[PDB]
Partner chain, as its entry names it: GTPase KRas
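Only one chain is shown below, in structure tokens, and it's the form deposited without its partner chain.
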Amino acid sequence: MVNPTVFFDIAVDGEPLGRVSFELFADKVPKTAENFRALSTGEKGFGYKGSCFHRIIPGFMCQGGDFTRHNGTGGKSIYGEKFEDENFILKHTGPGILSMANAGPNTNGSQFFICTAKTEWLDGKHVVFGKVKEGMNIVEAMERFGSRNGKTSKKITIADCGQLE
């Protein structure tokens, strides 16, 4: 019944930066939380380890999770290539919100974003499923490698990831 916690160890051109951990709201969005959790442990045989943050826009969000094409055009969920929008109970209330990227209704895969500002205009369009627990400072450090158009100035990778006890 306690919401799960997952971590990401972040590197910058291969050099360790720090760890960000996330509370996944499995009490409110279990299907979506489970997908992110499993992708984070790699227990299905695929997932986030080694993948990059391909789009980082300071004052907006950091986006990653495209472990098949590395640029925002790929990824897949543990349920198939895509899955439905589970619900929109949770809103984009400020920095640290963890939400699913998508390409239209009912097109969730593996891509996600971490907000670094309130993004209210995404409410009811993107499924919010977690929040940063520890290491928002590390998110803020990653954010400084982004740009207005989202292209990063150094390669930002998930060097390791998994589930915390």
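Residue numbers count along the first chain shown, from 1.
Omitted from view is the form solved in complex with its partner chain, to which the following refers.
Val132 versus its partner chain, in the entry with it bound: is there a non-hydrogen atom within 4.5 Å?
The answer is no: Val132 has no heavy atom within 4.5 Å of its partner chain.
Is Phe46 close enough to touch its partner chain in the entry with it bound, meaning at least one heavy atom pair within 4.5 Å?
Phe46: no contact with its partner chain in the entry with it bound.
In the entry with it bound, is there a heavy atom of its partner chain that lies within 4.5 Å of any heavy atom of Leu122, even though the partner is absent here?
Output for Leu122 is yes: heavy atoms within 4.5 Å of its partner chain.
Would you check, heavy atoms only and a 4.5 Å threshold, whether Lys151 touches its partner chain in the entry with it bound?
Result yes; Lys151 sits at the interface with its partner chain in the entry with it bound.
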